[PDB]
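One letter stands for each residue in the lines below.
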Amino acid sequence: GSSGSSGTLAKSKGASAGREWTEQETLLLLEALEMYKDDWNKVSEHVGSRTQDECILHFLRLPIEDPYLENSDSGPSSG
């Protein structure tokens, strides 16, 4: 089924337990993406609790870049 150019899709997560990227991690990934942009081996190390593979994936997950749009707030300290 094809409607538009972009591959429309939705992700439903709630019960499936496993791994999760925390706002903290998300940033780390970027920090390295600047220095070890290509050097994945290091990237996986920069983060801390992530492997080369995982890192690569996460990278292809983040939302689209916007010119001007108020993003969510850090909020409380999620435990």
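Residues numbered from 1 in each chain as written, not as in the entry; some residues may be left out. Heavy atoms only, no water.

If you check the header, you'll see the entry was determined by solution NMR.

**Structural notes on the side chain of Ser44**
What counts, and what does not: In this text, helices come from DSSP runs of H or I with a minimum length of four residues, and strands from runs of E with a minimum of two, each type numbered from the N-terminal end. Burial classification: accessible surface area is computed with a 1.4 Å probe over protein chains only, and a residue below 20% of its type maximum counts as buried, one above 50% as exposed, and the rest as partly exposed. Here a polar contact means two N or O atoms within 3.5 Å. Within protein one must be a hydrogen donor candidate and the other an acceptor candidate, and residues neighboring in sequence count only if both atoms are side-chain atoms. Here a residue-residue contact requires only that any non-hydrogen atoms of the pair lie within 4.5 Å.
Structurally, the position occupied by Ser44 is in helix α2 (residues 40-47). Residue classification places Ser44 among the buried positions, given a relative accessible area of 4%. Looking at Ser44, its side chain comes within polar contact range of the main-chain oxygen of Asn41, at 2.8 Å. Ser44 has contacts with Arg50, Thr51, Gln52 and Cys55, leaving out every residue within four places of it along the chain.

**Topic: α2**
One full turn of an α-helix is made of 3.6 residues, so residues set three or four places apart face in the same direction. What counts here: To be clear, the arc concerns the directions from the helix axis to the C-beta atoms.
Among all positions in α2, only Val43, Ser44 and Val47 are buried. Seen along its axis, α2 keeps its buried residues to an arc of 95 degrees; they face one direction. More than 90 degrees from the buried face of α2, the exposed residues found are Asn41 and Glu45. As for α2, its buried residues are in contact with α1 (23-35) and α3 (52-59). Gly48, located one to two residues past α2, shows a positive phi value of around 125 degrees.

**Let's talk about a nonpolar patch on the surface**
The criterion, for reference: For patch detection, residues must exceed 30% relative accessible area and be free of salt bridges, and they are connected within 9 Å for like charges or within 5 Å for nonpolar side chains (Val, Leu, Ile, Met, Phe, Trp, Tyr). To measure how exposed things are, a 1.4 Å probe is used in the Shrake-Rupley method; for residues, cover is taken only from the protein chains shown. What makes a salt bridge here is a side-chain nitrogen of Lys or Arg within 4 Å of a carboxyl oxygen of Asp or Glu, nothing more.
Together, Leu27, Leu30 and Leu62 give the surface a local cluster of nonpolar side chains, amounting to about 220 Å² of exposed area. Structurally, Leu62 is set in the segment after α3. Using a relative accessible area of 30% as the deciding quantity, one classes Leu62 as partly exposed.

**Examining the packing of aromatic side chains**
We count it as follows: When two rings of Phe, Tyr or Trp (its six-membered ring) have centres within 6.5 Å they constitute a pair, described as stacked for plane angles under 30 degrees, edge-to-face for angles over 60, and tilted for the intermediate range.
Under the counting rule described, the total for this entry stands at 1 aromatic pair. Ring geometry for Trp40 versus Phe59: centroids 6.4 Å apart, planes at 65 degrees, classification edge-to-face. With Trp40 in helix α2 and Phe59 in helix α3, the pair connects residues that are 19 residues apart, well separated along the chain. On the basis of relative accessible area, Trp40 is assigned to the partly exposed category, the value being 25%. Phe59 gets classed as partly exposed once you look at its relative accessible area, which sits at 39%.

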